[PDB]
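Peer 1: Okay, handing you the structure first.
Number of protein chains: 2
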Amino acid sequence: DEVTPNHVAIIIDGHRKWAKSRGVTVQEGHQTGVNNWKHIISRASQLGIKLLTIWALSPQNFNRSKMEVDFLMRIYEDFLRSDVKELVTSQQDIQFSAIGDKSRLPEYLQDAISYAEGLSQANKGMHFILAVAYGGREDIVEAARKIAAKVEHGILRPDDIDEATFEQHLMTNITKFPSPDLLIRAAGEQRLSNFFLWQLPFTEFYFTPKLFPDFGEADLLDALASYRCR
Amino acid sequence: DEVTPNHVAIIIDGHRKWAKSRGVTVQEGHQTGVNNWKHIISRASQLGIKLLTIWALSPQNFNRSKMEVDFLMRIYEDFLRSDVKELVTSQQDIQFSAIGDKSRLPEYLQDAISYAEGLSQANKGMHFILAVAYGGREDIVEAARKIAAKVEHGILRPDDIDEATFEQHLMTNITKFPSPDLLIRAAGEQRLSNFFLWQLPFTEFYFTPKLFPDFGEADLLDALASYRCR
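Protein sequences, first through last, are from chains A and A'. A prime marks a further copy of an entry chain. Adding 63 to a residue's 1-based position in the first sequence gives its number in the authors' numbering. Adding 63 to a residue's 1-based position in the second sequence gives its number in the authors' numbering.
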């Protein structure tokens with residue numbers, strides 16, 4: 064069917080709030096959040112979505128405490144070594160990529176990343192993108208930098224720059240569905256917090272108050288039913 | 064106070080729907096919409112907002128019927144010759160600019176535009192921007208084109224490109240508040256429809272079901288009270 068979005072993107076949020084409300088640590092809030100991901104991914108795959116993006120970490124998130132960030136990077140490595148392995152080797156045959164500024168991540172996380180990308184490189188199922196150390200402004204700036212370098216080496220002239228060319232130098236140039244059809248944001252806030260910007264001119268937004276550690280397959284289903292009503 | 068946004072931007076929508084529901088023409092829907100603007104602007108000025116942007120016309124809107132568009136361009140000229148004149152000459156001392164691709168507009172509208180900009184050029188009150196034939200993707204592309212031209216003439220090197228430099232070549236480079244603090248969208252839809260993109264990484268979104276011809280000063284007040292609660 065076509066009333067199923069090709070690209071669904073998710074802003075996760077609410078881990079601290081949820082931890083707080085449950086008299087629990089933020090590390091446990093984060094871990095339970097991340098444990099939801101595999102079911103979210105399988106479900107998106109089952110629904111015939113071609114691309115699911117989960118926004119795991121912004122470049123501003125590097126401003127949180129070092130303990131918090133280091134815990135997160137570890138949880139992400141566990142996710143890639145455990146759950147992603149299963150997803151990409153299962154009959155869902157998911158293809159895995161990460162986007163963002165990877166050289167800002169610890170080398171252990173960079174290696175879990177390229178391992179899962181290598182493992183799934185020729186799979187044919189749903190694309191799953193983990194956006195880590197990704198920010199929308201930075202993506203646009205880096206695209207413009209790359210284009211500028213090519214202009215300086217004679218490869219491109221200023222008036223050859225159009226949307227399509229701009230689109231080919233964004234970090235989303237790994238997909239043919241760069242622009243999400245549907246953007247979901249958990250935890251109640253109605254803003255982008257420097258996620259995709261270029262990619263969002265026509266995307267439908269869906270805001271739930273649900274804190275992300277409580278966010279399940281049903282909530283993805285609810286986002287999709289909202290999308291179908293529009 | 065500081066819990067009052069510096070920049071408020073408005074996506075207007077619902078004119079056809081409203082016309083329809085009232086057994087009336089779209090031209091009358093549009094005209095009643097535009098008549099709301101002056102009260103919206105005075106009120107924003109009274110509230111101490113430093114910049115109010117109204118998104119009057121996208122480059123995609125050029126796809127509607129020629130009669131519809133021509134009527135709109137006329138209504139906009141009437142607005143600039145009538146209401147804006149009053150706003151900029153009153154004690155609110157509003158400064159007027161338009162942004163967007165102006166050379167796509169009829170010459171009569173371009174002239175009403177530069178007349179109101181000349182008339183208000185040295186006013187010191189709230190900035191009012193009318194975004195006409197403006198689109199967020201196009202703004203970013205044009206910024207990148209300009210930067211690219213400067214790279215080709217030796218004026219700039221690729222690694223000199225950063226947010227700040229990118230920001231200076233956007234159509235919003237006429238303000239020091241390019242990024243809206245609060246984005247309001249009438250008529251129920253939850254998406255940007257190719258309005259600002261670069262400018263929105265942290266802006267708060269506020270969606271009302273109110274059709275824009277019914278949108279008044281109270282609705283701006285409601286958007287501001289939402290913003291203060293966040």
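Where a beta carbon is used, it is the ideal one built from N, C-alpha and C, also for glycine.
Is residue 368 of chain A' helix, strand or coil by DSSP?
Peer 2: Absent from the model: residue 368 of chain A'. The displayed extent of chain A' is 64 to 293, so no value can be given.
Peer 1: For A/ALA185, which option in A/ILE210, A/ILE157, A/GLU205 and A/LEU168 has the closest C-alpha, if you only look at C-alpha atoms?
Peer 2: Within the first sequence, residue 185 of chain A is the residue found at index 122, counting from 1. Nearest C-alpha to A/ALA185: A/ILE157.
Peer 1: To which residues of the same chain is A'/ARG293 closer than 7 Å at the C-beta, ignoring the five residues directly before and after it?
Peer 2: Taking the second sequence and counting its residues from 1, one reaches residue 293 of chain A' at position 230. Contacts found: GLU267.
Peer 1: Give the secondary structure of A/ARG248 by DSSP, where H, G and I count as helix, E and B as strand, and everything else as coil.
Peer 2: Position 185 of the first sequence, counted from the first residue, corresponds to residue 248 of chain A. If DSSP states are grouped into helix, strand and coil, A/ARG248 belongs with the strands.
Peer 1: Please return the same chain residues whose Cβ sits closer than 7 Å to the Cβ of A'/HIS232, not counting the five positions on each side in sequence.
Peer 2: In the second sequence, counting from the first residue as 1, residue 232 of chain A' sits at position 169. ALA206, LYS209 and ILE210.
Peer 1: Give the straight-line distance between the Cα atoms of A/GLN154 and A/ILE103, rounded to the nearest whole angstrom.
Peer 2: The residue you call residue 154 of chain A lines up with position 91 of the first sequence. The residue you call residue 103 of chain A lines up with position 40 of the first sequence. Taking the straight line from one Cα to the other gives about 16 Å.
Peer 1: Could I get the ranges of all uninterrupted alpha helix (DSSP H) runs contained in the stretch 129 to 168 of chain A', with 4 residues as the minimum, in chain order?
Peer 2: List check, alpha helix (DSSP H) in window: 129 to 142 and 148 to 152.
Peer 1: The beta strand (DSSP E) spanning A/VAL195 covers which residue range?
Peer 2: The residue you call residue 195 of chain A lines up with position 132 of the first sequence. A/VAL195 -> beta strand (DSSP E) spans 190 to 195.
Peer 1: Within the 7 Å Cβ cut-off, does A'/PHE268 reach chain A?
Peer 2: By 1-based counting over the second sequence, the position of residue 268 of chain A' is 205. Taking Cβ atoms only, chain A reaches closer than 7 Å to A'/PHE268, which makes this a yes.
Peer 1: For A/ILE73, I'd like the list of residues in its chain whose CB is within less than 6 Å of its CB, leaving aside the five on either flank, ordered along the chain.
Peer 2: Indexing the first sequence from 1 puts residue 73 of chain A at position 10. Taken in chain order, the residues that qualify are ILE117 and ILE247.
Peer 1: Spell out a yes or no on whether the stretch 82 to 96 of chain A' and the stretch 132 to 143 of chain A are touching, meaning 3 or more CB-CB pairs, one atom from each, closer than 8 Å.
Peer 2: These segments do not touch.
Peer 1: Which of helix, strand or coil does DSSP assign to A/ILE203?
Peer 2: To locate residue 203 of chain A, count along the first sequence from 1; it is residue 140. The answer is helix: DSSP assigns A/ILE203 an H, G or I state.
Peer 1: Among the residues of its own chain, which have a CB less than 7 Å from the CB of A'/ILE176, if the five just before and after it don't count?
Peer 2: Position 113 of the second sequence, counted from the start, is the residue given in the question as residue 176 of chain A'. These residues qualify, in order along the chain: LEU143, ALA161 and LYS165.
Peer 1: For the stretch 218 to 242 of chain A, list every residue whose C-beta sits within 8 Å of some C-beta in chain A', in sequence order.
Peer 2: The residues in question are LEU219, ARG220, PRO221, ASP222, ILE224, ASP225, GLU226 and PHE229.
Peer 1: Using only CA atoms, which one of A/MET136, A/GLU226 and A/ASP277 lies nearest to A/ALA196?
Peer 2: By 1-based counting over the first sequence, the position of residue 196 of chain A is 133. Measuring from the Cα of A/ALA196, the nearest candidate turns out to be A/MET136.
Peer 1: Which residues bound the alpha helix (DSSP H) around A/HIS102?
Peer 2: The residue labelled residue 102 of chain A in the question sits at position 39 within the first sequence. Taken as a continuous stretch (DSSP letters only), the alpha helix (DSSP H) holding A/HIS102 covers 89 to 109.
Peer 1: I need the DSSP call for A/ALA185, collapsed to helix, strand or coil.
Peer 2: Counted from its first residue, the first sequence places residue 185 of chain A at position 122. Coil.
Peer 1: Judging by CA-CA distance, which residue of A/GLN123, A/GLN109, A/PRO169 and A/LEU284 is the nearest neighbour of A/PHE134?
Peer 2: As a first step, residue 134 of chain A is located in the first sequence; it is residue number 71 there, counting from the start. Of A/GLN123, A/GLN109, A/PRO169 and A/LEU284, the residue nearest in Cα terms is A/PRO169.
Peer 1: Measuring straight from C-alpha to C-alpha, what distance separates A/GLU280 and A/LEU263?
Peer 2: Along the first sequence, read from residue 1 onward, the residue named residue 280 of chain A stands at position 217. Along the first sequence, read from residue 1 onward, the residue named residue 263 of chain A stands at position 200. A/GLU280 and A/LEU263: Cα-Cα distance of roughly 24 Å.
Peer 1: Taking Cβ-Cβ distances shorter than 7 Å, what residues in chain A pair up with A'/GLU131?
Peer 2: Position 68 of the second sequence, counted from the first residue, corresponds to residue 131 of chain A'. Within chain A, no residue comes near A'/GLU131; the closest Cβ sits about 21 Å away, beyond 7 Å.
Peer 1: Based on the DSSP secondary-structure assignment, which residues constitute the bridge partners of A/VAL71?
Peer 2: Here residue 71 of chain A refers to the residue found at position 8 when the first sequence is read from its first residue. Bridge partners of A/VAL71: A/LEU115 and A/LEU245.
Peer 1: Spatial neighbours of A/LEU274 within its chain, please: CB distance less than 7 Å, with the 5 preceding and 5 following residues excluded, ordered by chain position.
Peer 2: On the first sequence, residue 274 of chain A is found 211 positions in, with the first residue counted as 1. Closer than 7 Å at Cβ, skipping near neighbours: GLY77, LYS80, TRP81, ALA249 and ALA250.
Peer 1: If you drop the 5 nearest sequence neighbours on each side, which residues of the same chain put their C-beta closer than 8 Å to that of A/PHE125?
Peer 2: For the purposes of this step, residue 125 of chain A is taken as residue 62 along the first sequence, with counting starting at 1. Once the five neighbours on either side are set aside, the close Cβ partners of A/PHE125 are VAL132, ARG167 and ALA196.
Peer 1: Tell me where the alpha helix (DSSP H) around A/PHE229 begins and ends.
Peer 2: Counting from 1 along the first sequence, the entry for residue 229 of chain A is found at position 166. Run containing A/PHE229: 226 to 231, per the alpha helix (DSSP H) assignment.
Peer 1: Have a look at A/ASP174, A/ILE192 and A/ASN98 and flag the residue whose alpha-carbon is nearest the alpha-carbon of A/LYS113.
Peer 2: As a working mapping, residue 113 of chain A is identified with position 50 in the first sequence. Of the candidates A/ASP174, A/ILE192 and A/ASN98, the one whose C-alpha sits nearest the C-alpha of A/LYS113 is A/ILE192.
Peer 1: Could you name the residues of the stretch 245 to 265 of chain A' whose beta carbon sits closer than 7 Å to any beta carbon of chain A, in the order they occur along the chain?
Peer 2: Residues passing the 7 Å Cβ filter: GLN253, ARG254, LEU255, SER256, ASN257, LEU260, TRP261, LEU263, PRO264 and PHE265.
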